[PDB]
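A.B. asks: My structure is below; once you've seen it, I'll send some questions.
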Amino acid sequence: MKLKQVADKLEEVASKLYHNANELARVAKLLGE
Amino acid sequence: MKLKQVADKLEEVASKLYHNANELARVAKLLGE
Amino acid sequence: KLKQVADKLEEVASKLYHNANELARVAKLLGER
Amino acid sequence: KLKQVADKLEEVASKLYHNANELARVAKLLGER
Ligand SMILES: [Zn+2]
Ligand SMILES: [Zn+2]
C-alpha cells in the first residue's frame, strides 16, 4: 500500500486509541472516588 | 491492595494510549509528507 | 459496580489487542519496502 | 527512513499488546474484588 493509505489507517487507529484513553480515564476517576 | 492503586494503574494505561495516539498522528503526518 | 467495570475493561482490552494486530500488519508491510 | 517508522509501529503494537493484557489482568482483579 501507498504511504497515503498507510497514513489513513494510522489516523483511524490514533483516534480509536484516543477514544479508549478517555474511556479508561473516566473509569479511573470513578474508581479513585 | 487498595482500589486507588487499581485506578492509578488505569490512569497509567490511559496515559500510554494518549501518548500512542499522539505518536500515530505524528507518524501519519510524516507519511502524508 | 465492579462487575460492570470489569466488563468494560475487557471490552477495551479486546479492542487494544485488535489494534495491536492491525499495527503489526501495517508494520510488516512498511518494513518490506 | 521507512525502516525507522516500521520499527516504531512495531513498538506501538507492543505497547498495545501489553496494555491489552494489563487490562485483562485488572478486569480479573476487579471481578474477584
Ligand atoms: Zn513517544
Ligand atoms: Zn505491565
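Identifiers for the C-alpha cells are assigned positionally: chains receive A, B, ... in sequence, residues are indexed from 1 per chain, and ligands are indexed from 1 in the order shown.
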Select all residues from chain A having any atom no more than 8 Å from an atom of chain C (counting only C-alpha atoms, ignoring ligands), output as a CSV table (one decimal) with N, CA, C and O atoms, in the first residue's frame.

C.D. replies:
```csv
chain,number,residue,atom,x,y,z
A,1,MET,N,0.8,-1.2,0.0
A,1,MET,CA,0.0,0.0,0.0
A,1,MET,C,0.9,1.3,0.0
A,1,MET,O,1.9,1.3,0.7
A,6,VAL,N,-1.4,4.1,4.2
A,6,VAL,CA,-0.8,3.8,5.5
A,6,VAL,C,-1.2,4.9,6.5
A,6,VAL,O,-1.7,4.6,7.5
A,10,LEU,N,-3.4,4.7,10.0
A,10,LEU,CA,-2.8,5.2,11.3
A,10,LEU,C,-3.6,6.3,11.9
A,10,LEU,O,-3.7,6.3,13.2
A,13,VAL,N,-6.5,4.5,13.6
A,13,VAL,CA,-6.1,3.8,14.8
A,13,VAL,C,-5.8,4.9,15.9
A,13,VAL,O,-6.2,4.7,17.0
A,17,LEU,N,-7.5,5.0,19.7
A,17,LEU,CA,-6.7,4.9,20.9
A,17,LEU,C,-7.0,6.1,21.8
A,17,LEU,O,-7.1,5.9,23.0
A,20,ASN,N,-10.3,5.3,23.5
A,20,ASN,CA,-10.1,4.4,24.5
A,20,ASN,C,-9.4,5.0,25.7
A,20,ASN,O,-9.7,4.5,26.9
A,24,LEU,N,-10.9,4.9,29.6
A,24,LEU,CA,-10.1,4.4,30.8
A,24,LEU,C,-10.0,5.5,31.8
A,24,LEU,O,-10.1,5.3,33.0
A,27,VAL,N,-13.2,5.7,33.7
A,27,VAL,CA,-13.3,4.6,34.7
A,27,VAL,C,-12.4,4.8,35.9
A,27,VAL,O,-12.8,4.6,37.0
```

A.B. asks: Collect all residues with atoms no farther than 8 Å from ligand 1, counting only C-alpha atoms and all ligand atoms, and output them as a CSV table (one decimal) with C-alpha atoms, in the first residue's frame.

C.D. replies:
```
chain,number,residue,atom,x,y,z
B,19,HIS,CA,0.7,9.1,24.1
B,20,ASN,CA,0.4,6.4,21.4
B,22,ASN,CA,-0.2,11.4,19.5
B,23,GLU,CA,2.7,9.3,18.2
```

A.B. asks: RMSD over all C-alpha atoms, chain B superposed on chain A in order?

C.D. replies: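 The fitted C-alpha deviation between chain A and chain B is 1.1 Å.
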
A.B. asks: Within 7 Å of residue A:28, counting only C-alpha atoms, which residues qualify if same-chain residues fewer than 5 places away don't, as a list in words?

C.D. replies: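 The neighbour list is residues 7, 8, 10 and 11 of chain B.
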
A.B. asks: For the residues selected in the previous step, produce a file with N, CA and C atoms as a PDB file, in the first residue's frame.

C.D. replies:
```
ATOM      1  N   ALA B   7      -7.090   2.166  40.209  1.00  0.00           N
ATOM      2  CA  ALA B   7      -7.450   3.388  39.467  1.00  0.00           C
ATOM      3  C   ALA B   7      -6.193   4.057  38.901  1.00  0.00           C
ATOM      4  N   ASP B   8      -5.131   4.080  39.710  1.00  0.00           N
ATOM      5  CA  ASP B   8      -3.826   4.604  39.310  1.00  0.00           C
ATOM      6  C   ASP B   8      -3.258   3.841  38.115  1.00  0.00           C
ATOM      7  N   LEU B  10      -5.011   2.240  35.852  1.00  0.00           N
ATOM      8  CA  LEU B  10      -5.849   2.598  34.710  1.00  0.00           C
ATOM      9  C   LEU B  10      -5.492   3.979  34.172  1.00  0.00           C
ATOM     10  N   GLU B  11      -5.158   4.911  35.064  1.00  0.00           N
ATOM     11  CA  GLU B  11      -4.658   6.240  34.670  1.00  0.00           C
ATOM     12  C   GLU B  11      -3.375   6.123  33.835  1.00  0.00           C
TER      13      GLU B  11
END
```

A.B. asks: So what do you get for atom CA of residue B:21 versus atom CA of residue A:16, distance-wise?

C.D. replies: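 Computed distance, atom CA of residue B:21 to atom CA of residue A:16, equals 8.0 Å.
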
A.B. asks: Chain D vs chain C: Cα RMSD after least-squares superposition over all Cα in order?

C.D. replies: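 It is 0.9 Å.
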